[PDB]
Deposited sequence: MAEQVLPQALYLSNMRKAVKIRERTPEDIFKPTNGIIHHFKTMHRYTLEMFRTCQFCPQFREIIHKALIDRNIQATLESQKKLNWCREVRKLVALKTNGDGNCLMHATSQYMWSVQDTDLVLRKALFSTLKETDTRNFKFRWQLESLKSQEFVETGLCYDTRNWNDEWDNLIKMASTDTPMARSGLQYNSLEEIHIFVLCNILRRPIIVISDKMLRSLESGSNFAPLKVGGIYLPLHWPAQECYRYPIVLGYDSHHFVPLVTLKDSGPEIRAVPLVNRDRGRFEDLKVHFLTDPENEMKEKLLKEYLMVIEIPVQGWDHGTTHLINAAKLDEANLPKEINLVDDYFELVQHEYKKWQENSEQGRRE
């Protein structure tokens, strides 16, 4: 009786949201990258389910939450490992090959990229524009691997992969460089939480923009088994800190998340860049010695600001509230 999926909650409002997104894209004449004027500043949060009763939560969780990927990322200690910060939850995402965009769109707007607006914007940048600095940063990162098994064509195909052409799934899968291009279209950092953190895990900064022109709260995604999902903040979950840690525990120490595609001079000042493009806070967490506390960096996460008029989750919630009363 609930909606089997989120979008089913108000199919009309979804269409409207989607229809607003192309119009918010500004397309510079002079080669500066096309970018969103306003909508990149939106953030969705998930509503609390604990005040409901078990058979009801199940309905909701089955309907909304990717429980397989949540359990995977949690058991490998990459997701929600830190007791001090608010819980993040994975939302179901279509796994058609366009899931990088479906998850990113959902994180901001509560809809997936089914009209291909984000997908087309990515391809657009990598074909209609020249992309010299992108290719360079990609070469630099590729050559960091201590070994090369014996690449003239590799860049051209990466551009082809971003196309909406059919490959296997409906769309070609995307890779790290596409995430970095995407964060520059959004003027917003993307942080990807995964097991290897094919190395998609880590931090993507909109370096083709001065931080002054960017939104300083990240989009947070989860990645496992070739699949992206958004990892959204669970609402009213104080007193825990609204932030995502910029390190993980690894073999008894804290290890920094990878920052992708930096030049040598940028890499030398990685901490300074992180502090410009995110809101970095230094928080205490328990040590391996129960008698020690450690300070680590974390980045503030945004508060829910997606208005009702364009929020499928609020409508989902009222559906839930109307239904719960019938169950009580």
property	result
Gaps in the model (deposited sequence, numbered from 1)	1-4, 155-163, 181-184, 215-226, 358-366
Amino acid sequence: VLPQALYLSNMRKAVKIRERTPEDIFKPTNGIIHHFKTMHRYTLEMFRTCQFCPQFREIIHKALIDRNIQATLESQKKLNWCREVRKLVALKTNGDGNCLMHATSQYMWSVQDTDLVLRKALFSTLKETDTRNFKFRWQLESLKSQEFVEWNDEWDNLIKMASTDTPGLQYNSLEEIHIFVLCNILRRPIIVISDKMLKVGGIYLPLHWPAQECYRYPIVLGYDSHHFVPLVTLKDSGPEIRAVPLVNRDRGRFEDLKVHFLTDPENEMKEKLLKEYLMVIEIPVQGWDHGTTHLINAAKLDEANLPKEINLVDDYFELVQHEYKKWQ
From here on, numbers count along this sequence of modelled residues.
| query | finding |
| --- | --- |
| Other PDB entries, at least a third, lacking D250 | no |
| Third-or-more of other entries without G168 | yes |
| Stretch with the greater mean C-alpha B-factor as recorded in the entry, comparing 12-20 against 300-308 | 12-20 |
| Mean C-alpha temperature factor, higher of 234-242 and 141-149 | 141-149 |
| From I69, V259, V280, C53, residue of greatest CA B-factor | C53 |
| Residue selected from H294, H40, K270, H34 by maximal Cα B factor | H34 |
| Record-listed C-alpha B factor of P28: chain third | highest |
| Lowest, middle or highest third - CA B-factor, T49 | highest |
| Ranked C-alpha temperature factor of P210 among modelled chain residues, by third | middle |
| Ranked C-alpha temperature factor of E176 among modelled chain residues, by third | middle |
| Lowest, middle or highest third - CA B-factor, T104 | lowest |
